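Visitor: Pasting in a structure now, in structure tokens, and then I'll have a few things to ask.
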Amino acid sequence: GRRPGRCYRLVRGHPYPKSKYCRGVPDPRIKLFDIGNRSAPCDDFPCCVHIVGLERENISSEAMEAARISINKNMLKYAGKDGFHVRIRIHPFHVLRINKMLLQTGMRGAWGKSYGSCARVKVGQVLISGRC
Amino acid sequence: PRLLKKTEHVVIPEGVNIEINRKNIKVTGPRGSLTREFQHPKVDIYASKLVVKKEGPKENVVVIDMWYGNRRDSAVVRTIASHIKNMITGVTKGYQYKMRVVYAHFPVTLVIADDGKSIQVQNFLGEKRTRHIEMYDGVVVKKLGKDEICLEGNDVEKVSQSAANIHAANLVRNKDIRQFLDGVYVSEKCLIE
Amino acid sequence: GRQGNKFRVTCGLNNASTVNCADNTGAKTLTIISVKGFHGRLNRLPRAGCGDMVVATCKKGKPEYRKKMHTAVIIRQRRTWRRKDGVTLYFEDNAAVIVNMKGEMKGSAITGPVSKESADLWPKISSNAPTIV
Amino acid sequence: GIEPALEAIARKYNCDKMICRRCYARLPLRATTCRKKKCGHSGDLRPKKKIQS
RNA sequence: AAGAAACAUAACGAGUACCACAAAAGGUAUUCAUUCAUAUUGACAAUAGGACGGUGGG
RNA sequence: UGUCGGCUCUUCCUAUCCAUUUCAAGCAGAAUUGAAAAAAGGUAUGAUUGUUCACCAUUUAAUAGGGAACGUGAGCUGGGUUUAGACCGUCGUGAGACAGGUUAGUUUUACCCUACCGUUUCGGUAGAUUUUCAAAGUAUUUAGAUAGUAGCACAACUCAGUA
RNA sequence: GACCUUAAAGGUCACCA
């Protein structure tokens, strides 16, 4: 049971990181951010491509993890393990909030609970980069 | 892009006489006459003498010309030229479409009228309904051998559509067409002469 | 298992109509539940005439037939119905015989007259009928 | 009871065509685009499945 | 209110902001532009021919 | 602004259940499954429950999903809910409380305007002048802008125990 | 869900329509 992606797409509110004031935050889906030959010398791979976001929006941790797996499976099949190095350059430091409602419930007197994590990106910000 | 001038030409052979009246070409040959109307408001059809060979002499041609006009319109210049080329071919060496009858178990008997303006397909896949299929004017059916017929005529559009009408009247319905390979199919299309 | 068509026979037997069983199968009476081939309508009750195969339950009979759903054929009815040749006809009581889907009668004998319409529809009933009226 | 010569002309008229995965419509062999307008002129097509035994 | 040039228009497409709605995606649909290759002494499309021997390994 | 459901009746939507026309299948036939055109026509009978819902037994070509002030009470009913009588259980010292259960409980007015259905009365259409013509009145015979629209479905024989 | 208590577990409330 997860809310539609359109609920938490727009960048709203002050940044709300996980700290001593924000407790009970679920672990983000994505844990590995550098994939491929992370130890390859700077001269082996001269090429460079980027994914540049053209929108100011929230990117959930699930979307980054799905993209990380998608590139991993496709790139391993094509260029092999030791022929590419992809680094994800957006981290889920912003924590979303959900106000779950159970009619015996309070109507509007409540402040949301932690729901997930997302990366507040902006226009022209590099999301994922890779060298081959 | 818009083309300043797109042109095409058809070579008129000796036994062919062509007269044009406001995009209405009439072609007369040794096998008869053929009139068609090309109602496109942006083509100029006129007969002239042109050198179309690399080092050949002048010859009577029909020039289909359309001036400044986009690629949607310009495509019709060669379309009309092909129609006129087909019309010349029809009145000199007419077309014929050799259709063949394909059956698995039930034999199909073809009954052709005496004059040849109608056919009759009987016992197609055991069906009791008998198909008639009328023929266009100028198209004549006849029986070549066994399970083979041919439609003779001067206009390819009349001969080709009449041949397709025969095939389209003998379609298998509600059955696997990959297994019940039945009907009348055009084996090949060729010229009488 | 029925053979051929049946002309118009006005249906005087409704849903929940109790008929008699003319067979020798130990079932006495059946009550019609629904009629095979009946085309439904709003608030309409299922209707059966002579020669109509109905679905009925036996509420009176020997234990292997009571409190069960069987299939029967109306052989006679008290409702007056008209033949095509201008003959107006009706019987003394509503009766039926138990047949299956294939049309063979479960019993071996029929007591009382059997109408022509039910006799022609089902060849097995006519063979075991005493008289055909 | 059909000779192989007549098989070729019958199969071509019936079997040797491509099928749009979105139109569902019958398309020629060398086509590269769903011809019908309803399917959006899609670009992914598959050959008609051959019979087998 | 007249003239000018274009991308549209074979469709209930377009048409006076706030305003009375439309998205991701797809298209050998069309227009312009950029980058690369072949562009001729002969590219692409087409018609005609060869497409091979050890080797059951152009 | 009379608050549930059912009964009666009309219309509308298609995100279609059947019938009609097509395309696809891992479609041999039969039975099926996915999709397109199409909303003109059909889409039932009962046991239990106030029920909407649900679950069973049938039948049918099918027994599809929805809107119209959660359509419809000066259209009905009053089963339920929801005053005032009474009973039980739990709670409360008590009066009393209970989305806890049970039983009995008044359903008013159209004669007004419009809508709809039928039905009368009065009024009436501008440009021709061949007296074999033109016009007005009365009467018959016709005419047809527009509006509605109607026929559907199934079964049996033969095809054929054939493909 | 809310309040209370224990070392997750219970206990009381969840009403007028």
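Numbering starts fresh at 1 for the residues of each chain in the structure tokens, the chains themselves are lettered A, B, ... in the order given, and ligands are numbered from 1 as they appear.
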Write out as a tab-separated table a residue-level contact list of segment 76-112 of chain A versus segment 26-49 of chain A with cut-off 12 Å: for each qualifying residue the closest pair of atoms and the distance in Å to one decimal, counting only C-alpha atoms, rows sorted by chain and residue number upward.

Guide:
```
residue	atom	partner	partner_atom	distance
A:76	CA	A:36	CA	8.1
A:77	CA	A:36	CA	11.9
A:79	CA	A:36	CA	10.0
A:80	CA	A:36	CA	8.8
A:81	CA	A:36	CA	6.0
A:82	CA	A:37	CA	5.2
A:83	CA	A:37	CA	6.7
A:84	CA	A:36	CA	5.4
A:85	CA	A:36	CA	4.5
A:86	CA	A:35	CA	5.3
A:87	CA	A:34	CA	4.3
A:88	CA	A:33	CA	5.0
A:89	CA	A:33	CA	7.6
A:90	CA	A:33	CA	8.7
A:91	CA	A:33	CA	8.5
A:92	CA	A:28	CA	7.1
A:93	CA	A:28	CA	9.2
A:94	CA	A:28	CA	10.4
A:95	CA	A:26	CA	9.3
A:96	CA	A:26	CA	10.5
A:97	CA	A:26	CA	11.3
```

Visitor: Taking a cut-off of 10 Å and counting only C-alpha atoms (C1' of nucleotides), can you build a table that, for each residue of chain A near chain G, reports the nearest atom pair and how far apart they are in Å (one decimal), sorted by chain then residue number, as a tab-separated table?

Guide:
```
residue	atom	partner	partner_atom	distance
A:101	CA	G:1	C1'	9.4
A:102	CA	G:1	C1'	7.6
A:103	CA	G:14	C1'	9.7
A:104	CA	G:14	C1'	6.5
A:105	CA	G:1	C1'	6.9
A:106	CA	G:1	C1'	8.9
```

Visitor: Pull out every residue of chain D that has at least one atom within 10 Å of chain F, counting only C-alpha atoms (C1' of nucleotides), and report them as a VMD selection string.

Guide: chain D and resid 19 to 26 38 48 to 49 51 53

Visitor: Now that the selection is made, can you save its residues with N, CA, C and O atoms as a PDB file, in the first residue's frame?

Guide:
```pdb
ATOM      1  N   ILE D  19       1.429  -8.401 -38.279  1.00  0.00           N
ATOM      2  CA  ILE D  19       0.305  -7.996 -37.445  1.00  0.00           C
ATOM      3  C   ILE D  19       0.782  -6.913 -36.493  1.00  0.00           C
ATOM      4  O   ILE D  19       1.778  -7.097 -35.789  1.00  0.00           O
ATOM      5  N   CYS D  20       0.077  -5.786 -36.475  1.00  0.00           N
ATOM      6  CA  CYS D  20       0.379  -4.755 -35.497  1.00  0.00           C
ATOM      7  C   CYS D  20      -0.007  -5.239 -34.111  1.00  0.00           C
ATOM      8  O   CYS D  20      -1.107  -5.756 -33.907  1.00  0.00           O
ATOM      9  N   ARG D  21       0.903  -5.073 -33.155  1.00  0.00           N
ATOM     10  CA  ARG D  21       0.614  -5.460 -31.784  1.00  0.00           C
ATOM     11  C   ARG D  21      -0.396  -4.538 -31.117  1.00  0.00           C
ATOM     12  O   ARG D  21      -0.889  -4.866 -30.033  1.00  0.00           O
ATOM     13  N   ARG D  22      -0.715  -3.401 -31.730  1.00  0.00           N
ATOM     14  CA  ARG D  22      -1.706  -2.478 -31.197  1.00  0.00           C
ATOM     15  C   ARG D  22      -2.925  -2.347 -32.099  1.00  0.00           C
ATOM     16  O   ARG D  22      -4.055  -2.394 -31.602  1.00  0.00           O
ATOM     17  N   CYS D  23      -2.736  -2.185 -33.417  1.00  0.00           N
ATOM     18  CA  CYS D  23      -3.890  -2.174 -34.313  1.00  0.00           C
ATOM     19  C   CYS D  23      -4.635  -3.500 -34.234  1.00  0.00           C
ATOM     20  O   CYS D  23      -5.870  -3.527 -34.220  1.00  0.00           O
ATOM     21  N   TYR D  24      -3.890  -4.606 -34.167  1.00  0.00           N
ATOM     22  CA  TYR D  24      -4.308  -5.984 -34.417  1.00  0.00           C
ATOM     23  C   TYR D  24      -4.563  -6.238 -35.892  1.00  0.00           C
ATOM     24  O   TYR D  24      -4.952  -7.349 -36.256  1.00  0.00           O
ATOM     25  N   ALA D  25      -4.332  -5.255 -36.755  1.00  0.00           N
ATOM     26  CA  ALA D  25      -4.710  -5.314 -38.156  1.00  0.00           C
ATOM     27  C   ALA D  25      -3.633  -5.985 -38.996  1.00  0.00           C
ATOM     28  O   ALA D  25      -2.471  -6.084 -38.601  1.00  0.00           O
ATOM     29  N   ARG D  26      -4.039  -6.436 -40.177  1.00  0.00           N
ATOM     30  CA  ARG D  26      -3.144  -7.117 -41.100  1.00  0.00           C
ATOM     31  C   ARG D  26      -2.343  -6.098 -41.903  1.00  0.00           C
ATOM     32  O   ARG D  26      -2.914  -5.172 -42.485  1.00  0.00           O
ATOM     33  N   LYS D  38      -6.243   4.182 -35.675  1.00  0.00           N
ATOM     34  CA  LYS D  38      -6.666   3.991 -34.291  1.00  0.00           C
ATOM     35  C   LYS D  38      -5.501   3.575 -33.406  1.00  0.00           C
ATOM     36  O   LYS D  38      -5.376   4.050 -32.272  1.00  0.00           O
ATOM     37  N   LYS D  48       2.760 -12.756 -38.500  1.00  0.00           N
ATOM     38  CA  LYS D  48       1.641 -13.643 -38.222  1.00  0.00           C
ATOM     39  C   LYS D  48       2.162 -15.034 -37.896  1.00  0.00           C
ATOM     40  O   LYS D  48       3.026 -15.564 -38.598  1.00  0.00           O
ATOM     41  N   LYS D  49       1.638 -15.623 -36.827  1.00  0.00           N
ATOM     42  CA  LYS D  49       2.165 -16.888 -36.334  1.00  0.00           C
ATOM     43  C   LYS D  49       1.857 -18.005 -37.321  1.00  0.00           C
ATOM     44  O   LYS D  49       0.695 -18.240 -37.665  1.00  0.00           O
ATOM     45  N   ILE D  51       1.219 -21.665 -38.799  1.00  0.00           N
ATOM     46  CA  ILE D  51       0.670 -22.922 -38.309  1.00  0.00           C
ATOM     47  C   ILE D  51       1.791 -23.947 -38.165  1.00  0.00           C
ATOM     48  O   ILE D  51       2.849 -23.853 -38.798  1.00  0.00           O
ATOM     49  N   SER D  53       2.563 -28.366 -36.797  1.00  0.00           N
ATOM     50  CA  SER D  53       2.051 -29.672 -36.414  1.00  0.00           C
ATOM     51  C   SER D  53       3.196 -30.625 -36.090  1.00  0.00           C
ATOM     52  O   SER D  53       4.013 -30.352 -35.212  1.00  0.00           O
TER      53      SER D  53
END
```

Visitor: For chain C, work out the contacting residues on chain F at 9 Å, counting only C-alpha atoms (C1' of nucleotides), and write them as a VMD selection string.

Guide: chain F and resid 44 to 46 58 to 60 63 154 to 157

Visitor: List every residue of chain D that DSSP, applied to the backbone of this structure, assigns to strand (DSSP E), and report them as a list in words.

Guide: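 Matching residues, listed in order: residues 18, 19, 20, 26, 27, 45, 46 and 47 of chain D.
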
Visitor: Residues near segment 51-58 of chain A, anyone? I mean within 12 Å using only C-alpha atoms (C1' of nucleotides), not counting same-chain ones fewer than 3 positions away, as a ChimeraX atom specification.

Guide: /A:5-13,15,48,61-64,67,86-96,116-130

Visitor: Generate the output file for the selected residues, N, CA and C atoms, as a CSV table (one decimal), in the first residue's frame.

Guide:
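The file below, part_32.csv, is the result:
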```
chain,number,residue,atom,x,y,z
A,5,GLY,N,2.2,8.4,-7.1
A,5,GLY,CA,3.4,9.2,-7.3
A,5,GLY,C,3.1,10.7,-7.5
A,6,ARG,N,1.9,11.0,-7.8
A,6,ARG,CA,1.5,12.4,-8.0
A,6,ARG,C,1.2,13.1,-6.7
A,7,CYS,N,1.1,12.4,-5.6
A,7,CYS,CA,0.8,13.0,-4.3
A,7,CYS,C,2.1,13.8,-3.9
A,8,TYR,N,3.2,13.2,-4.1
A,8,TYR,CA,4.5,13.8,-3.6
A,8,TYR,C,5.4,14.2,-4.7
A,9,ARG,N,4.9,14.8,-5.7
A,9,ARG,CA,5.8,15.2,-6.9
A,9,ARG,C,6.3,16.6,-6.8
A,10,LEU,N,5.5,17.5,-6.4
A,10,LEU,CA,5.9,18.9,-6.3
A,10,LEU,C,6.7,19.2,-5.1
A,11,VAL,N,7.7,20.1,-5.2
A,11,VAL,CA,8.6,20.4,-4.1
A,11,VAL,C,7.9,21.5,-3.3
A,12,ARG,N,7.5,21.1,-2.1
A,12,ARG,CA,6.8,22.0,-1.2
A,12,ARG,C,7.4,21.9,0.2
A,13,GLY,N,7.4,23.0,0.9
A,13,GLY,CA,7.8,23.0,2.3
A,13,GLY,C,9.4,23.1,2.4
A,15,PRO,N,13.0,21.9,3.7
A,15,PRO,CA,13.7,20.6,3.7
A,15,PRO,C,13.5,20.0,5.1
A,48,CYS,N,31.5,10.5,-21.2
A,48,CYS,CA,30.7,10.9,-20.1
A,48,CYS,C,29.4,11.3,-20.6
A,61,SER,N,12.9,7.8,-3.4
A,61,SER,CA,14.0,6.8,-3.3
A,61,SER,C,13.7,5.6,-4.2
A,62,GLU,N,12.4,5.2,-4.3
A,62,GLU,CA,12.1,4.0,-5.1
A,62,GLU,C,12.4,4.2,-6.6
A,63,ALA,N,12.2,5.4,-7.1
A,63,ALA,CA,12.4,5.7,-8.5
A,63,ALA,C,13.9,5.6,-8.8
A,64,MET,N,14.8,6.1,-7.9
A,64,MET,CA,16.2,6.0,-8.1
A,64,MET,C,16.7,4.6,-8.0
A,67,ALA,N,15.8,2.8,-11.3
A,67,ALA,CA,16.7,3.2,-12.4
A,67,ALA,C,18.0,2.6,-12.2
A,86,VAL,N,28.9,3.9,-13.4
A,86,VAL,CA,27.7,4.8,-13.3
A,86,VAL,C,27.6,5.2,-11.8
A,87,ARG,N,27.5,6.5,-11.6
A,87,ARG,CA,27.4,7.1,-10.3
A,87,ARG,C,26.1,7.9,-10.2
A,88,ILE,N,25.2,7.5,-9.2
A,88,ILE,CA,24.0,8.3,-9.0
A,88,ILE,C,24.2,9.5,-8.2
A,89,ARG,N,23.8,10.7,-8.6
A,89,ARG,CA,24.2,11.9,-8.0
A,89,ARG,C,23.0,12.6,-7.3
A,90,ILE,N,22.1,11.9,-6.8
A,90,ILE,CA,21.0,12.4,-6.0
A,90,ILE,C,20.7,11.5,-4.9
A,91,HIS,N,20.7,12.0,-3.7
A,91,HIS,CA,20.5,11.2,-2.4
A,91,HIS,C,19.1,11.6,-1.8
A,92,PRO,N,18.5,10.6,-1.1
A,92,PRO,CA,17.2,10.8,-0.5
A,92,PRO,C,17.3,11.4,0.9
A,93,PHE,N,17.7,12.7,1.0
A,93,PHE,CA,17.9,13.3,2.3
A,93,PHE,C,16.6,14.0,2.8
A,94,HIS,N,15.5,14.1,2.0
A,94,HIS,CA,14.3,14.7,2.4
A,94,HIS,C,13.2,13.7,2.7
A,95,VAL,N,12.6,13.9,3.8
A,95,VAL,CA,11.6,12.9,4.3
A,95,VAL,C,10.2,13.4,4.1
A,96,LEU,N,9.4,12.6,3.5
A,96,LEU,CA,8.0,13.0,3.2
A,96,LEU,C,7.2,12.6,4.5
A,116,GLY,N,8.3,8.3,3.7
A,116,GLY,CA,9.3,7.8,2.9
A,116,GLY,C,10.4,8.8,2.7
A,117,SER,N,11.1,8.8,1.6
A,117,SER,CA,12.2,9.8,1.4
A,117,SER,C,12.2,10.1,-0.1
A,118,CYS,N,12.7,11.3,-0.4
A,118,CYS,CA,12.8,11.8,-1.8
A,118,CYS,C,13.9,12.8,-1.9
A,119,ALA,N,14.3,13.0,-3.1
A,119,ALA,CA,15.4,14.0,-3.4
A,119,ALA,C,14.8,15.2,-4.1
A,120,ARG,N,14.9,16.3,-3.5
A,120,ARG,CA,14.4,17.5,-4.1
A,120,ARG,C,15.4,18.0,-5.1
A,121,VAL,N,15.1,17.8,-6.4
A,121,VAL,CA,15.9,18.2,-7.5
A,121,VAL,C,15.4,19.5,-8.1
A,122,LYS,N,16.2,20.1,-8.9
A,122,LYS,CA,15.8,21.4,-9.6
A,122,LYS,C,16.1,21.3,-11.1
A,123,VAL,N,15.9,22.4,-11.8
A,123,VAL,CA,16.0,22.5,-13.2
A,123,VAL,C,17.5,22.5,-13.6
A,124,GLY,N,17.9,21.6,-14.5
A,124,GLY,CA,19.3,21.6,-14.9
A,124,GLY,C,20.2,20.9,-14.0
A,125,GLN,N,19.7,20.1,-13.1
A,125,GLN,CA,20.5,19.4,-12.1
A,125,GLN,C,20.8,17.9,-12.6
A,126,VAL,N,22.1,17.6,-12.7
A,126,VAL,CA,22.5,16.3,-13.1
A,126,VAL,C,22.0,15.2,-12.1
A,127,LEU,N,21.3,14.2,-12.7
A,127,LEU,CA,20.8,13.1,-11.8
A,127,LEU,C,21.7,11.9,-11.7
A,128,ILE,N,22.0,11.3,-12.9
A,128,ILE,CA,22.8,10.1,-13.0
A,128,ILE,C,23.9,10.4,-14.0
A,129,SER,N,25.1,10.0,-13.7
A,129,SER,CA,26.3,10.2,-14.7
A,129,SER,C,27.0,8.9,-14.8
A,130,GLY,N,27.6,8.6,-16.0
A,130,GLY,CA,28.3,7.4,-16.2
A,130,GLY,C,29.4,7.6,-17.2
```

Visitor: When DSSP works through the backbone of this structure, what residues of chain D end up as helix (DSSP H, G or I), shown as JSON, numbers by chain?

Guide: {"D": [4, 5, 6, 7, 8, 9, 10, 11, 12, 13, 14]}

Visitor: How close does each residue of chain E get to chain B, giving the shortest atom pair and distance in Å to one decimal for every residue with an atom at most 12 Å away, counting only C-alpha atoms (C1' of nucleotides), sorted by chain and residue number, as CSV?

Guide:
```
residue,atom,partner,partner_atom,distance
E:29,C1',B:72,CA,10.9
E:30,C1',B:72,CA,9.3
E:31,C1',B:1,CA,7.9
E:32,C1',B:1,CA,10.2
```

Visitor: Identify, on the basis of only C-alpha atoms (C1' of nucleotides), every residue whose closest approach to residue 133 of chain C does not exceed 12 Å; exclude the query and any residue fewer than 3 positions from it along the same chain; express the result as a PyMOL selection string.

Guide: chain C and resi 50+75-76+83+87+89-91+112-120+126+129-130

Visitor: Do a neighbour search on residue 155 of chain B at 9 Å with only C-alpha atoms (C1' of nucleotides), toss out local chain neighbours closer than 2 positions, and write the hits as a list in words.

Guide: residues 34, 86, 87, 89, 90, 91, 94, 95, 138, 139, 153, 157, 158, 159 and 160 of chain B

Visitor: How would the residues just picked look written out with N, CA, C and O atoms as a PDB file, in the first residue's frame?

Guide:
```pdb
ATOM      1  N   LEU B  34     -10.315   3.981 -74.417  1.00  0.00           N
ATOM      2  CA  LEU B  34     -10.225   4.026 -72.960  1.00  0.00           C
ATOM      3  C   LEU B  34     -10.253   5.486 -72.529  1.00  0.00           C
ATOM      4  O   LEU B  34      -9.319   6.233 -72.828  1.00  0.00           O
ATOM      5  N   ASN B  86      -0.623   2.874 -68.074  1.00  0.00           N
ATOM      6  CA  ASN B  86      -1.422   1.655 -68.038  1.00  0.00           C
ATOM      7  C   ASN B  86      -2.511   1.679 -69.100  1.00  0.00           C
ATOM      8  O   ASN B  86      -2.808   0.649 -69.715  1.00  0.00           O
ATOM      9  N   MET B  87      -3.126   2.842 -69.321  1.00  0.00           N
ATOM     10  CA  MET B  87      -4.168   2.948 -70.335  1.00  0.00           C
ATOM     11  C   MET B  87      -3.613   2.669 -71.724  1.00  0.00           C
ATOM     12  O   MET B  87      -4.261   2.001 -72.536  1.00  0.00           O
ATOM     13  N   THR B  89      -0.999   0.780 -72.345  1.00  0.00           N
ATOM     14  CA  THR B  89      -0.706  -0.649 -72.374  1.00  0.00           C
ATOM     15  C   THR B  89      -1.968  -1.467 -72.599  1.00  0.00           C
ATOM     16  O   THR B  89      -1.945  -2.469 -73.321  1.00  0.00           O
ATOM     17  N   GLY B  90      -3.078  -1.057 -71.987  1.00  0.00           N
ATOM     18  CA  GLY B  90      -4.298  -1.838 -72.091  1.00  0.00           C
ATOM     19  C   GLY B  90      -4.847  -1.900 -73.503  1.00  0.00           C
ATOM     20  O   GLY B  90      -5.269  -2.961 -73.967  1.00  0.00           O
ATOM     21  N   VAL B  91      -4.849  -0.767 -74.208  1.00  0.00           N
ATOM     22  CA  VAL B  91      -5.408  -0.732 -75.557  1.00  0.00           C
ATOM     23  C   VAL B  91      -4.464  -1.284 -76.608  1.00  0.00           C
ATOM     24  O   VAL B  91      -4.864  -1.424 -77.769  1.00  0.00           O
ATOM     25  N   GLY B  94      -3.735  -5.986 -74.079  1.00  0.00           N
ATOM     26  CA  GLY B  94      -4.625  -5.939 -72.937  1.00  0.00           C
ATOM     27  C   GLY B  94      -4.150  -6.811 -71.794  1.00  0.00           C
ATOM     28  O   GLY B  94      -3.293  -7.682 -71.943  1.00  0.00           O
ATOM     29  N   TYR B  95      -4.717  -6.552 -70.623  1.00  0.00           N
ATOM     30  CA  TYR B  95      -4.353  -7.268 -69.413  1.00  0.00           C
ATOM     31  C   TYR B  95      -5.140  -8.564 -69.291  1.00  0.00           C
ATOM     32  O   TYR B  95      -6.221  -8.724 -69.862  1.00  0.00           O
ATOM     33  N   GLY B 138     -16.452  -4.372 -70.053  1.00  0.00           N
ATOM     34  CA  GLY B 138     -15.147  -4.472 -70.666  1.00  0.00           C
ATOM     35  C   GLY B 138     -14.267  -5.574 -70.126  1.00  0.00           C
ATOM     36  O   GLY B 138     -13.141  -5.737 -70.612  1.00  0.00           O
ATOM     37  N   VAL B 139     -14.736  -6.334 -69.141  1.00  0.00           N
ATOM     38  CA  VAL B 139     -14.003  -7.461 -68.577  1.00  0.00           C
ATOM     39  C   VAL B 139     -14.765  -8.732 -68.913  1.00  0.00           C
ATOM     40  O   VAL B 139     -15.981  -8.806 -68.703  1.00  0.00           O
ATOM     41  N   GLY B 153      -9.439  -7.933 -70.408  1.00  0.00           N
ATOM     42  CA  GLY B 153      -9.975  -6.587 -70.460  1.00  0.00           C
ATOM     43  C   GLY B 153      -8.917  -5.609 -70.908  1.00  0.00           C
ATOM     44  O   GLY B 153      -7.759  -5.969 -71.142  1.00  0.00           O
ATOM     45  N   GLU B 157      -7.697  -1.314 -63.899  1.00  0.00           N
ATOM     46  CA  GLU B 157      -8.504  -1.081 -62.707  1.00  0.00           C
ATOM     47  C   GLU B 157      -9.815  -1.853 -62.761  1.00  0.00           C
ATOM     48  O   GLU B 157     -10.328  -2.276 -61.720  1.00  0.00           O
ATOM     49  N   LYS B 158     -10.379  -2.031 -63.954  1.00  0.00           N
ATOM     50  CA  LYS B 158     -11.579  -2.845 -64.095  1.00  0.00           C
ATOM     51  C   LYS B 158     -11.261  -4.329 -63.991  1.00  0.00           C
ATOM     52  O   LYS B 158     -12.016  -5.087 -63.374  1.00  0.00           O
ATOM     53  N   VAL B 159     -10.153  -4.761 -64.591  1.00  0.00           N
ATOM     54  CA  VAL B 159      -9.785  -6.171 -64.545  1.00  0.00           C
ATOM     55  C   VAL B 159      -9.337  -6.566 -63.146  1.00  0.00           C
ATOM     56  O   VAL B 159      -9.706  -7.629 -62.638  1.00  0.00           O
ATOM     57  N   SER B 160      -8.535  -5.721 -62.499  1.00  0.00           N
ATOM     58  CA  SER B 160      -8.005  -6.071 -61.187  1.00  0.00           C
ATOM     59  C   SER B 160      -9.101  -6.103 -60.132  1.00  0.00           C
ATOM     60  O   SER B 160      -9.129  -7.005 -59.289  1.00  0.00           O
TER      61      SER B 160
END
```
